[PDB]
Every structure is written in structure tokens, then in C-alpha cells.
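So this one's upload05.pdb, PDB, C-alpha atoms:
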```
ATOM      1  CA  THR P   2       0.000   0.000   0.000
ATOM      2  CA  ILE P   3       0.908   3.691  -0.258
ATOM      3  CA  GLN P   4       0.417   6.339   2.385
ATOM      4  CA  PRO P   5      -3.030   8.062   2.494
ATOM      5  CA  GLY P   6      -2.756  11.391   0.712
ATOM      6  CA  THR P   7      -2.828  12.923  -2.743
ATOM      7  CA  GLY P   8      -0.284  13.397  -5.486
ATOM      8  CA  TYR P   9       0.662  12.393  -9.008
ATOM      9  CA  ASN P  10       1.687   8.959 -10.258
ATOM     10  CA  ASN P  11       2.626   8.245 -13.878
ATOM     11  CA  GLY P  12       0.888  11.402 -15.058
ATOM     12  CA  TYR P  13      -2.355  10.883 -13.119
ATOM     13  CA  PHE P  14      -3.624  12.616 -10.023
ATOM     14  CA  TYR P  15      -4.464  10.216  -7.231
ATOM     15  CA  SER P  16      -6.294  10.450  -3.918
ATOM     16  CA  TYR P  17      -6.307   7.798  -1.184
ATOM     17  CA  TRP P  18      -8.048   8.405   2.134
ATOM     18  CA  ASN P  19      -9.105   6.163   4.998
ATOM     19  CA  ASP P  20     -10.427   6.578   8.538
ATOM     20  CA  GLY P  21      -7.511   4.762  10.210
ATOM     21  CA  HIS P  22      -9.567   1.687  11.155
ATOM     22  CA  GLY P  23      -7.303  -0.619   9.135
ATOM     23  CA  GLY P  24      -8.041  -3.353   6.662
ATOM     24  CA  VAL P  25      -7.451  -1.530   3.373
ATOM     25  CA  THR P  26      -4.413  -1.230   1.091
ATOM     26  CA  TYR P  27      -4.198   1.013  -1.993
ATOM     27  CA  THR P  28      -1.521   0.702  -4.683
ATOM     28  CA  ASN P  29      -0.603   2.905  -7.635
ATOM     29  CA  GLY P  30       0.413   0.988 -10.745
ATOM     30  CA  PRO P  31       1.745   1.926 -14.173
ATOM     31  CA  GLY P  32      -0.039   4.557 -16.215
ATOM     32  CA  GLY P  33      -3.550   5.132 -14.926
ATOM     33  CA  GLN P  34      -3.748   1.858 -12.981
ATOM     34  CA  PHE P  35      -4.544   1.444  -9.299
ATOM     35  CA  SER P  36      -5.500  -1.488  -7.083
ATOM     36  CA  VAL P  37      -7.422  -1.731  -3.811
ATOM     37  CA  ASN P  38      -7.503  -4.762  -1.520
ATOM     38  CA  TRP P  39      -9.592  -4.664   1.623
ATOM     39  CA  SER P  40     -10.770  -6.999   4.364
ATOM     40  CA  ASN P  41     -13.035  -5.807   7.185
ATOM     41  CA  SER P  42     -12.047  -2.228   6.412
ATOM     42  CA  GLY P  43     -13.344   1.015   7.800
ATOM     43  CA  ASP P  44     -14.305   3.981   5.641
ATOM     44  CA  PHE P  45     -12.030   4.682   2.619
ATOM     45  CA  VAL P  46     -11.870   6.113  -0.893
ATOM     46  CA  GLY P  47      -9.097   5.741  -3.488
ATOM     47  CA  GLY P  48      -8.488   6.250  -7.189
ATOM     48  CA  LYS P  49      -6.825   8.010 -10.103
ATOM     49  CA  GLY P  50      -7.758  10.812 -12.442
ATOM     50  CA  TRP P  51      -7.325  14.554 -12.709
ATOM     51  CA  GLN P  52      -6.844  17.703 -10.639
ATOM     52  CA  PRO P  53      -8.695  19.696 -11.737
ATOM     53  CA  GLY P  54     -11.330  17.772 -13.628
ATOM     54  CA  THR P  55     -13.419  19.229 -16.427
ATOM     55  CA  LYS P  56     -17.093  19.378 -17.342
ATOM     56  CA  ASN P  57     -16.639  17.601 -20.690
ATOM     57  CA  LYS P  58     -14.140  14.827 -19.988
ATOM     58  CA  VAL P  59     -14.690  11.405 -21.524
ATOM     59  CA  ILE P  60     -13.328   9.042 -18.874
ATOM     60  CA  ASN P  61     -12.314   5.505 -19.798
ATOM     61  CA  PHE P  62     -11.976   2.782 -17.167
ATOM     62  CA  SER P  63     -11.322  -0.940 -17.282
ATOM     63  CA  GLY P  64     -10.579  -3.780 -14.938
ATOM     64  CA  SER P  65     -12.096  -5.829 -12.137
ATOM     65  CA  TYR P  66     -14.216  -4.846  -9.143
ATOM     66  CA  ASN P  67     -15.183  -7.463  -6.542
ATOM     67  CA  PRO P  68     -16.759  -5.953  -3.431
ATOM     68  CA  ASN P  69     -18.062  -8.047  -0.546
ATOM     69  CA  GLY P  70     -20.254  -5.582   1.338
ATOM     70  CA  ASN P  71     -20.749  -1.844   1.064
ATOM     71  CA  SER P  72     -18.626  -0.328  -1.736
ATOM     72  CA  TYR P  73     -18.989   1.827  -4.869
ATOM     73  CA  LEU P  74     -17.135   2.150  -8.173
ATOM     74  CA  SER P  75     -17.716   5.634  -9.571
ATOM     75  CA  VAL P  76     -16.503   8.650 -11.405
ATOM     76  CA  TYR P  77     -16.156  10.788  -8.284
ATOM     77  CA  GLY P  78     -15.207  14.386  -7.649
ATOM     78  CA  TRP P  79     -15.983  17.793  -6.240
ATOM     79  CA  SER P  80     -16.838  21.298  -7.276
ATOM     80  CA  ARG P  81     -16.261  24.528  -5.364
ATOM     81  CA  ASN P  82     -18.593  27.517  -5.181
ATOM     82  CA  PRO P  83     -20.952  25.774  -4.825
ATOM     83  CA  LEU P  84     -19.333  22.987  -2.849
ATOM     84  CA  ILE P  85     -20.655  19.713  -4.307
ATOM     85  CA  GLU P  86     -19.538  16.100  -3.972
ATOM     86  CA  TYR P  87     -20.664  14.091  -7.000
ATOM     87  CA  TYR P  88     -20.819  10.515  -8.212
ATOM     88  CA  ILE P  89     -21.488   8.747 -11.490
ATOM     89  CA  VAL P  90     -21.855   5.251 -10.035
ATOM     90  CA  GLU P  91     -21.019   2.404 -12.416
ATOM     91  CA  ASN P  92     -21.242  -0.457  -9.895
ATOM     92  CA  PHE P  93     -21.736  -1.077  -6.186
ATOM     93  CA  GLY P  94     -21.876  -3.823  -3.576
ATOM     94  CA  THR P  95     -24.573  -4.484  -0.994
ATOM     95  CA  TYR P  96     -25.877  -0.886  -0.842
ATOM     96  CA  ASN P  97     -27.305   1.283  -3.593
ATOM     97  CA  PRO P  98     -26.174   4.761  -2.429
ATOM     98  CA  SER P  99     -29.441   6.312  -3.652
ATOM     99  CA  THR P 100     -31.557   4.258  -1.220
ATOM    100  CA  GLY P 101     -34.140   6.613   0.254
ATOM    101  CA  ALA P 102     -32.847   9.588  -1.747
ATOM    102  CA  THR P 103     -34.959  12.049  -3.717
ATOM    103  CA  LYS P 104     -34.988  11.163  -7.408
ATOM    104  CA  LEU P 105     -34.269  14.170  -9.643
ATOM    105  CA  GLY P 106     -34.633  12.543 -13.079
ATOM    106  CA  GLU P 107     -33.057  10.106 -15.517
ATOM    107  CA  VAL P 108     -30.301  10.375 -18.117
ATOM    108  CA  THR P 109     -29.207   7.897 -20.792
ATOM    109  CA  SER P 110     -25.478   7.707 -21.424
ATOM    110  CA  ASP P 111     -22.875   5.194 -22.521
ATOM    111  CA  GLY P 112     -25.221   2.250 -22.902
ATOM    112  CA  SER P 113     -27.498   2.553 -19.861
ATOM    113  CA  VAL P 114     -30.158   4.624 -18.206
ATOM    114  CA  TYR P 115     -29.000   6.301 -14.991
ATOM    115  CA  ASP P 116     -31.254   7.528 -12.213
ATOM    116  CA  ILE P 117     -30.379  10.980 -10.831
ATOM    117  CA  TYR P 118     -30.576  11.904  -7.142
ATOM    118  CA  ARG P 119     -29.685  14.703  -4.769
ATOM    119  CA  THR P 120     -28.716  14.172  -1.117
ATOM    120  CA  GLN P 121     -27.362  16.475   1.578
ATOM    121  CA  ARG P 122     -24.444  16.020   3.960
ATOM    122  CA  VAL P 123     -24.822  18.026   7.174
ATOM    123  CA  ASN P 124     -21.694  19.259   8.997
ATOM    124  CA  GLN P 125     -19.504  16.605   7.364
ATOM    125  CA  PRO P 126     -15.875  16.590   6.180
ATOM    126  CA  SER P 127     -15.200  18.116   2.781
ATOM    127  CA  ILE P 128     -12.424  19.492   0.599
ATOM    128  CA  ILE P 129     -12.809  22.850   2.440
ATOM    129  CA  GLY P 130     -13.391  21.588   6.007
ATOM    130  CA  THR P 131     -16.543  20.668   7.894
ATOM    131  CA  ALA P 132     -19.542  21.839   5.900
ATOM    132  CA  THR P 133     -23.103  21.232   4.818
ATOM    133  CA  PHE P 134     -23.273  20.507   1.099
ATOM    134  CA  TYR P 135     -25.248  18.679  -1.547
ATOM    135  CA  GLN P 136     -24.222  15.475  -3.270
ATOM    136  CA  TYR P 137     -25.299  14.738  -6.838
ATOM    137  CA  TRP P 138     -25.679  11.155  -8.075
ATOM    138  CA  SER P 139     -26.156   9.382 -11.362
ATOM    139  CA  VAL P 140     -26.615   5.676 -10.592
ATOM    140  CA  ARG P 141     -26.164   3.304 -13.540
ATOM    141  CA  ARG P 142     -28.913   0.703 -13.918
ATOM    142  CA  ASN P 143     -26.675  -1.730 -15.871
ATOM    143  CA  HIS P 144     -23.713  -2.402 -13.584
ATOM    144  CA  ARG P 145     -20.233  -2.765 -15.069
ATOM    145  CA  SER P 146     -16.522  -2.466 -14.255
ATOM    146  CA  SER P 147     -15.244  -1.304 -17.660
ATOM    147  CA  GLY P 148     -16.567   1.356 -19.997
ATOM    148  CA  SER P 149     -16.545   5.006 -20.975
ATOM    149  CA  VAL P 150     -18.260   7.857 -19.105
ATOM    150  CA  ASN P 151     -19.207  10.960 -21.076
ATOM    151  CA  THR P 152     -19.289  13.245 -18.057
ATOM    152  CA  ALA P 153     -20.938  16.093 -19.970
ATOM    153  CA  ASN P 154     -24.103  14.032 -20.411
ATOM    154  CA  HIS P 155     -24.395  13.771 -16.632
ATOM    155  CA  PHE P 156     -23.374  17.325 -15.795
ATOM    156  CA  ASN P 157     -25.767  18.702 -18.430
ATOM    157  CA  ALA P 158     -28.667  16.580 -17.166
ATOM    158  CA  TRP P 159     -27.907  17.652 -13.603
ATOM    159  CA  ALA P 160     -27.863  21.313 -14.677
ATOM    160  CA  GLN P 161     -31.175  20.875 -16.517
ATOM    161  CA  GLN P 162     -32.649  19.597 -13.239
ATOM    162  CA  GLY P 163     -31.299  22.498 -11.154
ATOM    163  CA  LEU P 164     -28.252  20.629  -9.809
ATOM    164  CA  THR P 165     -25.574  23.239 -10.480
ATOM    165  CA  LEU P 166     -21.825  22.597 -10.345
ATOM    166  CA  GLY P 167     -19.237  25.221  -9.515
ATOM    167  CA  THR P 168     -15.556  25.175 -10.438
ATOM    168  CA  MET P 169     -14.212  21.644 -10.709
ATOM    169  CA  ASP P 170     -11.757  20.306  -8.153
ATOM    170  CA  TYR P 171     -10.459  16.737  -8.497
ATOM    171  CA  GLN P 172     -12.181  14.118 -10.646
ATOM    172  CA  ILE P 173     -11.190  10.457 -10.343
ATOM    173  CA  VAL P 174     -12.369   6.924 -10.924
ATOM    174  CA  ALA P 175     -12.701   5.811  -7.315
ATOM    175  CA  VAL P 176     -13.278   2.675  -5.309
ATOM    176  CA  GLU P 177     -15.099   3.681  -2.149
ATOM    177  CA  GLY P 178     -15.775   1.300   0.748
ATOM    178  CA  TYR P 179     -17.512   1.509   4.102
ATOM    179  CA  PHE P 180     -16.693  -1.309   6.554
ATOM    180  CA  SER P 181     -16.519  -4.042   3.938
ATOM    181  CA  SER P 182     -14.123  -6.341   2.069
ATOM    182  CA  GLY P 183     -13.137  -6.707  -1.554
ATOM    183  CA  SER P 184     -10.585  -6.357  -4.301
ATOM    184  CA  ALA P 185     -10.356  -4.120  -7.346
ATOM    185  CA  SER P 186      -7.906  -3.333 -10.141
ATOM    186  CA  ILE P 187      -8.810  -0.399 -12.400
ATOM    187  CA  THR P 188      -7.016   1.435 -15.220
ATOM    188  CA  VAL P 189      -8.089   5.022 -15.994
ATOM    189  CA  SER P 190      -7.527   7.177 -19.060
TER     190      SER P 190
END
```
Have the structure of the file written as C-alpha cells, please.
Amino acid sequence: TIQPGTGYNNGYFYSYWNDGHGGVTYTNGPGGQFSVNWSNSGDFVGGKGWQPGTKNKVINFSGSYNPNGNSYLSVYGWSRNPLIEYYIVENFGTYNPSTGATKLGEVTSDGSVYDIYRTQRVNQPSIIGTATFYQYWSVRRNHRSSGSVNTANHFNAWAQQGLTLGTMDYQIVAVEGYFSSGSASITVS
């Protein structure tokens, strides 16, 4: 594993964070590749991409994703002003992150319908410190662990629905886990 933090590896921005509970290892590989191996983890998120992201990136990902418990595989990032945490969820484990959330529409992109949702985090950690902020979600109906994500289709549908993004901060393909186990190996471009 590498140390939790951010930086650049083989041309790609990376972010790896965990809550210190243990049980998760994150590795940077060649090019845009990263691996995650976890067993009875705590809370964590890791992956590769860009800092800053853009609102019209076509993100390619490929590999394997084998969660056992609560985990997501997503295009994941933030905007500033307004502060937004966003997800284009391509696959997940035992928990659909939109469970109980308000549905804000549908968008078709890259071979599947996605359902759109908005949630709110109240006094939670963020890229700017503790804050209350919205999260935007596109959740893919047809789960997969390789493909291409035309981010503009999502960001435009969100905007249409009143889910505005500010200036982009980082934008990665991320494996997220919450007290679960699994393995994953993903290459981004």
C-alpha cells in the first residue's frame, strides 16, 4: 500500500483516504492503474484521475471490481462555489447509495439509463473543512466495471434539473468502501 494522501503517479492525479480503522491497502500501478484490496475495512476512498477535472471529460476505465459488502465504483469528484460532492456510479456492492434519496430525473449515457438523485451532507468533512453541502448522483442501472463515461451528459442533465456545479476540483475513478471487504484493479484514461 501507499500512504493516504494525494499526489501524481505516472501522469495521473491520485487520492487515497481512509479513517484509520485498518483493513485496506491502496496501490498505484503503471499509467492510470490502481489497485485496492480490503478486508473488514473502515471507511475509505481511493483512485486516479485529474486535478482539476473538467465538465466535458470522456473518462475511460477498465478492470475488475469485486466488493463483498458496502462499496462503490464511480466517477467521483468535487466542485467549489458551490461545494458539491458528485458521483457517477457504475457499480456497487450491498448498498445502492441512492436508497431513500430524492430522485431528480433520468439520463441515458454510454449504454445505460442512470437515475439521478440529490442528497445532503450536514456538517460533514469536505475538501474545504466541515460543511453542509449537496451530493449529486447518477446511478447506472446496468452495472459494469469497464466502460466510458461521457461526463458532460451527466453534468448537463444535472444542470437541466437544477443541480448546479461550480468550479471543478479533483475528478477520479474511485473505489469507495464503508466497513466491507473486496478487491479491485482499475485502469483510468
Exactly which residues make up the result of the PyMOL selection byres ((chain P and resi 65) around 10) on this file, given as a ChimeraX atom specification?
-> /P:36,62-64,66-68,145-147,184-188
Hits of the PyMOL selection byres ((chain P and resi 42) around 6) in this structure, as a ChimeraX atom specification = /P:23-25,39-41,43,180-181
I need the residue set behind the PyMOL selection byres ((chain P and resi 97) around 12) for this file; please write it as a PyMOL selection string.
-> chain P and resi 70-74+90-96+98-102+116+118+138-142+144
How far is it from CA of residue 123 (chain P) to CA of residue 137 (chain P), in Å with one decimal?
->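 CA of residue 123 (chain P) sits 14.4 Å away from CA of residue 137 (chain P).
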Pick from P:148, P:12, P:112, P:106: nearest to residue 60 (chain P), with all atoms listed in the file counted?
->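 Ranked by minimum distance to residue 60 (chain P), first place goes to P:148.
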Shell around residue 155 (chain P) at 10 Å using only C-alpha atoms, local window under 4 positions removed, as a PyMOL selection string | chain P and resi 56-57+88-89+107-110+115+117+137-139+150-151+159-161
Could you dump the residues just selected with C-alpha atoms as a short mmCIF file (atom, residue, chain, number, x, y, z; two decimals), in the coordinates of the input?
```cif
data_model
loop_
_atom_site.label_atom_id
_atom_site.label_comp_id
_atom_site.auth_asym_id
_atom_site.auth_seq_id
_atom_site.Cartn_x
_atom_site.Cartn_y
_atom_site.Cartn_z
CA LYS P 56 -17.09 19.38 -17.34
CA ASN P 57 -16.64 17.60 -20.69
CA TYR P 88 -20.82 10.52 -8.21
CA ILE P 89 -21.49 8.75 -11.49
CA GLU P 107 -33.06 10.11 -15.52
CA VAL P 108 -30.30 10.38 -18.12
CA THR P 109 -29.21 7.90 -20.79
CA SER P 110 -25.48 7.71 -21.42
CA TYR P 115 -29.00 6.30 -14.99
CA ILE P 117 -30.38 10.98 -10.83
CA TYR P 137 -25.30 14.74 -6.84
CA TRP P 138 -25.68 11.16 -8.07
CA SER P 139 -26.16 9.38 -11.36
CA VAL P 150 -18.26 7.86 -19.10
CA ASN P 151 -19.21 10.96 -21.08
CA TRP P 159 -27.91 17.65 -13.60
CA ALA P 160 -27.86 21.31 -14.68
CA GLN P 161 -31.18 20.88 -16.52
#
```
Between CA of residue 45 (chain P) and CA of residue 152 (chain P), measure the distance and give it in Å to one decimal.
->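 Calculated distance between CA of residue 45 (chain P) and CA of residue 152 (chain P) is 23.5 Å.
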Can you list, as an NGL selection string, every protein, DNA or RNA residue that comes within 10 Å of residue 49 (chain P) when you count all atoms listed in the file, leaving out same-chain residues fewer than 5 positions away?
-> :P and (7-10 or 12-17 or 29 or 32-35 or 76-77 or 171-176 or 187-190)
Using only C-alpha atoms, what residues lie at most 9 Å away from (-35.6, 16.3, -8.6) (file coordinates), given as JSON, numbers by chain?
-> {"P": [103, 104, 105, 106, 117, 118, 119, 162, 163, 164]}
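Across the model, the gap from CA of residue 5 (chain P) to CA of residue 52 (chain P) is 16.7 Å.
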Using all atoms listed in the file, which of the listed residues (P:44, P:136, P:2, P:169) sits closest to residue 26 (chain P)?
->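 Selected residue with least distance to residue 26 (chain P): P:2.
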Using only C-alpha atoms, the shortest atom-to-atom distance to residue 38 (chain P) among P:83, P:54, P:178, P:21 belongs to P:178
Since the input has fewer atoms than a full residue there, write region 105-129 of chain P out with N, CA, C and O atoms, as a compact mmCIF listing (two decimals), keeping the file's coordinate frame.
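Dumped to rebuild05.txt:
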```txt
# COMPACT_ATOMS: atom_id res chain seq x y z
N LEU P 105 -34.27 12.91 -8.92
CA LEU P 105 -34.27 14.17 -9.64
C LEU P 105 -34.28 13.99 -11.16
O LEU P 105 -34.11 14.98 -11.88
N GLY P 106 -34.48 12.77 -11.66
CA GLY P 106 -34.63 12.54 -13.08
C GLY P 106 -33.90 11.30 -13.54
O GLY P 106 -33.47 10.47 -12.74
N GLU P 107 -33.78 11.19 -14.86
CA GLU P 107 -33.06 10.11 -15.52
C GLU P 107 -32.22 10.70 -16.64
O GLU P 107 -32.57 11.75 -17.20
N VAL P 108 -31.12 10.03 -16.96
CA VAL P 108 -30.30 10.38 -18.12
C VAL P 108 -29.80 9.08 -18.74
O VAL P 108 -29.47 8.13 -18.03
N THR P 109 -29.75 9.04 -20.07
CA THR P 109 -29.21 7.90 -20.79
C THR P 109 -27.82 8.26 -21.31
O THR P 109 -27.65 9.29 -21.96
N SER P 110 -26.84 7.43 -20.99
CA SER P 110 -25.48 7.71 -21.42
C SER P 110 -24.69 6.41 -21.47
O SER P 110 -24.82 5.57 -20.57
N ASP P 111 -23.88 6.25 -22.50
CA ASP P 111 -22.88 5.19 -22.52
C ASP P 111 -23.48 3.81 -22.28
O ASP P 111 -22.93 2.99 -21.56
N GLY P 112 -24.64 3.57 -22.89
CA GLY P 112 -25.22 2.25 -22.90
C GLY P 112 -26.17 1.90 -21.78
O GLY P 112 -26.59 0.74 -21.68
N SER P 113 -26.55 2.86 -20.92
CA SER P 113 -27.50 2.55 -19.86
C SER P 113 -28.28 3.80 -19.50
O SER P 113 -27.81 4.93 -19.67
N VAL P 114 -29.48 3.58 -18.96
CA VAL P 114 -30.16 4.62 -18.21
C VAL P 114 -29.51 4.73 -16.84
O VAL P 114 -29.09 3.72 -16.24
N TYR P 115 -29.41 5.97 -16.35
CA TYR P 115 -29.00 6.30 -14.99
C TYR P 115 -30.15 7.04 -14.32
O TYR P 115 -30.82 7.86 -14.94
N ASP P 116 -30.35 6.75 -13.04
CA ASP P 116 -31.25 7.53 -12.21
C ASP P 116 -30.46 8.60 -11.47
O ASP P 116 -29.35 8.34 -10.99
N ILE P 117 -31.03 9.80 -11.40
CA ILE P 117 -30.38 10.98 -10.83
C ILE P 117 -30.98 11.26 -9.47
O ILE P 117 -32.21 11.21 -9.31
N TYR P 118 -30.13 11.60 -8.49
CA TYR P 118 -30.58 11.90 -7.14
C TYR P 118 -29.77 13.06 -6.56
O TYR P 118 -28.63 13.31 -6.96
N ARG P 119 -30.38 13.70 -5.57
CA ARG P 119 -29.68 14.70 -4.77
C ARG P 119 -29.83 14.34 -3.28
O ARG P 119 -30.93 13.99 -2.85
N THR P 120 -28.72 14.37 -2.55
CA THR P 120 -28.72 14.17 -1.12
C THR P 120 -27.99 15.35 -0.48
O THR P 120 -27.39 16.18 -1.17
N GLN P 121 -28.04 15.42 0.85
CA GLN P 121 -27.36 16.48 1.58
C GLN P 121 -26.54 15.88 2.71
O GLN P 121 -27.02 15.01 3.45
N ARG P 122 -25.31 16.36 2.85
CA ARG P 122 -24.44 16.02 3.96
C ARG P 122 -24.43 17.21 4.90
O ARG P 122 -24.23 18.35 4.46
N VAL P 123 -24.66 16.97 6.19
CA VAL P 123 -24.82 18.03 7.17
C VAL P 123 -23.62 18.01 8.11
O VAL P 123 -23.40 17.02 8.82
N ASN P 124 -22.86 19.10 8.12
CA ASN P 124 -21.69 19.26 9.00
C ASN P 124 -20.74 18.07 8.89
O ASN P 124 -20.36 17.45 9.89
N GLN P 125 -20.35 17.75 7.66
CA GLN P 125 -19.50 16.60 7.36
C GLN P 125 -18.19 17.06 6.75
O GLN P 125 -18.08 18.18 6.23
N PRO P 126 -17.16 16.21 6.78
CA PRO P 126 -15.88 16.59 6.18
C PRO P 126 -16.01 16.84 4.69
O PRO P 126 -16.82 16.23 3.99
N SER P 127 -15.19 17.76 4.19
CA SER P 127 -15.20 18.12 2.78
C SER P 127 -13.83 18.64 2.39
O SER P 127 -12.95 18.83 3.24
N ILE P 128 -13.67 18.92 1.10
CA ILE P 128 -12.42 19.49 0.60
C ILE P 128 -12.10 20.86 1.20
O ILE P 128 -10.96 21.32 1.05
N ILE P 129 -13.06 21.54 1.85
CA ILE P 129 -12.81 22.85 2.44
C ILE P 129 -12.96 22.86 3.96
O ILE P 129 -12.93 23.94 4.57
```
